[PDB]
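So the chains spell out like this:
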Amino acid sequence: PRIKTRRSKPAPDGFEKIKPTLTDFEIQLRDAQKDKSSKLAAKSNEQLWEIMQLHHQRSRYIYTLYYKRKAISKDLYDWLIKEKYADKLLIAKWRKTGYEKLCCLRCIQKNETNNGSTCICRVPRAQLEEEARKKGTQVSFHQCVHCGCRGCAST
Amino acid sequence: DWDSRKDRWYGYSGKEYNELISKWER
Amino acid sequence: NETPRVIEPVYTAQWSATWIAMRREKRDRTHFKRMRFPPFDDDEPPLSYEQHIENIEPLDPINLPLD
Amino acid sequence: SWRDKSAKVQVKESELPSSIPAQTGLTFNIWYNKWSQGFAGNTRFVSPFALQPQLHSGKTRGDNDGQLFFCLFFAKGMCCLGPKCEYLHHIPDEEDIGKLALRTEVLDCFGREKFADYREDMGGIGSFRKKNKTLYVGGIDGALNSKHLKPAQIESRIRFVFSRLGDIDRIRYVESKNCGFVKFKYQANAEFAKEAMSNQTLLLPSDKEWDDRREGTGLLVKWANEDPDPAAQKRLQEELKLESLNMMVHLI
Ligand SMILES: [Zn+2]
Ligand SMILES: [Zn+2]
Ligand SMILES: [Zn+2]
Ligand SMILES: [Zn+2]
């Protein structure tokens, strides 16, 4: 959510319904932004994931409102996108088949990953289980580094 | 007359200072 | 990352408008408060954009009112 | 048992201590995390925490995984990740030592690389060039806030402390040198203890200086040079020979 200028087209009619929902998200983000001086590394990353997951949830909310629930108007949605309450790219990915669930965009860039391949969270849990069984071990991981993703839930 | 031209404040009634008093008198 | 590009004549128009707006302001105002420099003291750190600025709304920019 | 229960948190990250020790100097150095403009007085102090192993030890993320390394902060008794930690949380045993026996030649049970030489003190993590299992235990005078105890009392307390953390090959207190030599069953165990009782207190609740435990300077657990004593040298040699016989028969 950006800052209201003269160049900001004001929010259309149906925004008054949703404001308090995404307001909460905003508040959370504010809470999630501060020097919570985690000496630890893993926990520090955890905080970051809290922001990431929160972002996902907010965007996911707007996506739901637009597409699954089919409630809010198109203009309103557009406005929201422009203001960036919800990430557009993420939504686009969601709309595409296979990524119906998707933590975030960073988990599907094969360039960034040292092995030219997606984030392990994208591997469906069942597959991982199968692999583990074959090997003998259990699910080695619980959440990837890029975001707090205990499975990315393609299924 | 240098410091007169520099004078960040020059040629004014206290319109901004009356607004400070107004903000603090409140 | 973004490169700050502009339609040249449009850009000129914008600057022209600000030139006349600025000039107007100069005309009208009896005194013109300048900013004290530097803005912040050595004790005062770089204030967080989220904590102070992101809440408060900005003042109206300079642009001569058009018919 | 440790394997029966999940590992409790040592201390929550709220309770954890900051990285700004003691203001030893006039100004803080950002890129070093040390202090500066003055090195007046000694740096070392006593650990606020200690590995109470039965109250703490347990399952982890690692015990699911087969992470082969133990938690330094477990040994220190200050791990802020309890069951969510990747590094393990229990006393090393024959099973786990055996499990990591390949890699542990090159590096510690805390998964950090050993070096060519001991750090001149014999103080830091061991050299790879020696397979030492023997910790020198200095600073007992400091570890008990100048408590005039008996040598027997000392050695017993020491025994109580290090026997808890690993299987002992032998211990012997030296009155004439005011120190310990605490040979362990395994190198992993030795490593574990050497951190687990670094900067710790030998004091107990029964002792009167219990609330002054923080204020002194902790145990100086370092590594031990082998004794000049030919009484043990011979034994060592014999052991080496025996081991050699094992491996040599194993080659064919
Ligand atoms: Zn992600
Ligand atoms: Zn991921
Ligand atoms: Zn993911
Ligand atoms: Zn741990």
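Residues numbered from 1 in each chain as written, not as in the entry; some residues may be left out. Chains lettered and ligands numbered in written order. Part of a larger assembly, values for the part shown. Heavy atoms only, no water. Residues with missing side-chain atoms left out of burial classes, pairs and counts.

Trainee: Got a minute to help me understand the overall build of chain A in this structure?
Mentor: A tally of regular secondary structure across chain A gives five helices and zero strands. Listed N to C, the secondary structure of chain A is α-α-α-α-α in terms of helices and strands. When its C-alpha atoms are laid out on the principal axes, chain A stretches across 60 × 40 × 25 Å. Long-range pairs, those at least 24 residues apart, make up 57% of the contacts in chain A with a sequence separation of at least 6. (Helix = DSSP H or I, 4+ residues; strand = E, 2+ residues; numbered from the N terminus. Contact = heavy atoms within 4.5 Å.)

Trainee: I'm lost on the nonpolar core in this one. Help?
Mentor: Soluble, globular proteins show a tendency: their nonpolar side chains are buried together. Within the largest apolar cluster, 48 residues are counted, with the highest numbers of intra-cluster contacts made by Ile140(D), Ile158(D), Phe162(D), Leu165(D), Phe192(D) and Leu219(D). Residue assignment for this core shows that the elements contributing at least two residues are α3 (72–76), β3 (134–138), α5 (140–143), α6 (151–163), β4 (168–174), β5 (179–184), α7 (187–196) and β6 (220–223) of chain D. Element by element, the count of residues in this core is highest for α7(D), at five residues. Beyond its immediate stretch of four places on either side in the chain, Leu219(D) contacts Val137(D), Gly138(D), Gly139(D), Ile140(D), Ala143(D), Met197(D), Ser198(D), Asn199(D), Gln200(D) and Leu202(D). Within the second largest apolar cluster, 28 residues are counted, among which are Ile62(A), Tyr63(A), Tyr77(A) and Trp94(A). (Core = buried A, V, L, I, M, F, W, Y, C linked by side-chain atoms within 4.5 Å. Buried < 20%, exposed > 50% of the residue type's maximum accessible area, 1.4 Å probe, protein only.)

Trainee: Looking at this structure, I do not really get the interface of chain A and chain D. What am I missing?
Mentor: Contacts between chain A and chain D engage 10 residues on the former and nine residues on the latter. Summed over the three residues of chain A that lose the most area to chain D, namely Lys39(A), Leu40(A) and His142(A), the buried surface amounts to 54% of that side. At the boundary of chain A with chain D, the tally comes to zero salt bridges. Between the two partners, chain A and chain D, sit five residue pairs in polar contact. In the side of chain A that touches chain D, the residues fall into three nonpolar, five polar and two charged. (Buried area = accessible area lost by both parts, 1.4 Å probe. Salt bridge = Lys/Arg side-chain N within 4 Å of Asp/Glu carboxyl O. Polar contact = N/O pair within 3.5 Å; in protein donor to acceptor, adjacent residues only side chain to side chain. Nonpolar A, V, L, I, M, F, W, Y, C, P; charged D, E, K, R; others polar.)

Trainee: Where do I start with the coordination of the zinc ion (ligand 2) in this structure?
Mentor: Between any two of four tetrahedral donors, the ideal angle at the metal is 109.5 degrees; between two of six octahedral donors, it is 90 or 180 degrees. Residue and element names in this part refer to chain A. Each protein donor to the zinc ion (ligand 2) is listed here as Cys107 (SG), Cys119 (SG), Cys121 (SG) and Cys144 (SG); together their distances run 2.3 Å. Relative to the metal, the four donor atoms surrounding the zinc ion (ligand 2) lie at angles of 76 to 141 degrees, and the coordination shape comes out irregular. Mapped onto the sequence, the donors of the zinc ion (ligand 2) take the spacing C-x11-C-x1-C-x22-C. Here the zinc ion (ligand 2) and the zinc ion (ligand 1) are spaced 4.0 Å apart, linked through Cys107, which binds each one. For the residue pair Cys119 and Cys121, the accessibility class agrees, reading buried in each case. (Donors = N, O, S within 2.8 Å, 3.2 Å for Na, K, Ca; no water. Tetrahedral: all angles 85-135°; square planar, octahedral: opposite > 155°, others 65-115°.)

Trainee: Help me understand unusual backbone geometry in this model?
Mentor: Across residues other than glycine, the phi torsion is negative in most instances, and most of the peptide bonds are trans. Of note, the bond from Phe37(C) into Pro38(C) is cis; its omega dihedral lies within 30 degrees of zero at -5 degrees. You can see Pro38(C) is positioned in the loop between α1 (8–28) and α2 (49–53). For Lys70(A), which is not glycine, the phi dihedral falls at a positive 65 degrees. Position of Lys70(A) relative to the elements: it lies in the loop between α2 (42–68) and α3 (74–83).

Trainee: Looking at this model, I keep getting lost on a nonpolar patch on the surface. Mind explaining?
Mentor: Nonpolar side chains collect at one region of the surface, where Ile3(A), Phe40(C), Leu47(C), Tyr49(C) and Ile53(C) lie side by side and expose about 470 Å² of accessible area between them. Mapped onto the elements, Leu47(C) comes out in the loop between α1 and α2. (Patch = residues over 30% accessible without salt bridge, like charges linked within 9 Å, V, L, I, M, F, W, Y side chains within 5 Å. Areas by Shrake-Rupley, 256 points an atom, 1.4 Å probe, with all protein chains shown as cover.)

Trainee: Honestly, the arrangement of the chains in this entry has me stumped. Any pointers?
Mentor: In this assembly three pairs of chains touch, with chains A and D having more contacts than any other pair. Taking C-alpha atoms only, the smallest gap left between chain B and chain D, which are not in contact, amounts to 39 Å. Over all C-alpha pairs, chain C and chain D never come within contact, reaching a minimum spacing of 17 Å.

Trainee: What is the right way to read a negative patch on the surface from this model?
Mentor: All names here are of chain D. Together, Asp169, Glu238, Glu239 and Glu243 make up a negatively charged patch on the protein surface. Ranked by the residues each element gives to the negative patch, the list is headed by helix α8 (residues 230–251), at three residues. Among the secondary structure elements, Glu243 is positioned in helix α8. (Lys, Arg positive; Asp, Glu negative; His and termini not counted. Charge placed at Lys NZ, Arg CZ, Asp CG, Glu CD.)

Trainee: Explain the pattern of salt bridges here, please?
Mentor: A side chain of one charge can pair with a side chain of the opposite charge when the charged atoms of the two come close. Residue and element names in this part refer to chain D. Under the definition given, this model contains 13 salt bridges over all chains. A salt bridge links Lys12 to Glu15, with the nearest nitrogen and oxygen atoms 3.9 Å apart. Residue class for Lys12 comes out exposed when judged on its relative accessible area of 51%. Look at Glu15 and you get partly exposed, because its relative accessible area is 47%.

Trainee: Just checking my understanding: could you explain the interface of chain C and chain A for this structure?
Mentor: Many authors give the size of an interface as the accessible area that is lost as the parts come together. Listed per partner, the contact involves seven residues of chain C and five residues of chain A. Class assignment for the residues of the side of chain C that touches chain A results in two nonpolar, two polar and three charged.

Trainee: Would you mind going over the layout of surface pockets with me for this structure?
Mentor: Residues and elements named next belong to chain D. Looking at the second largest pocket, its volume works out to about 1200 Å³. Lining the second largest pocket are 34 residues, with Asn132, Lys133, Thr134, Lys183 and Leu236 positioned closest to its centre. Sorting the residues of the lining of the second largest pocket by element identifies β3, β4, β5, β6 and α8 as the ones contributing at least two each. Tallying contributions element by element places α8 first for the lining of the second largest pocket, with nine residues. Taken together, the residues of the lining of the second largest pocket break down into 13 nonpolar, five polar and 16 charged. (1 Å grid on protein atoms, 1.4 Å probe; cavity = no way out; pocket = protein on both sides within 12 Å on 5 of 7 lines; lining within 4 Å. Points joined across faces, edges and corners; volume = space filled by probe spheres on them.)

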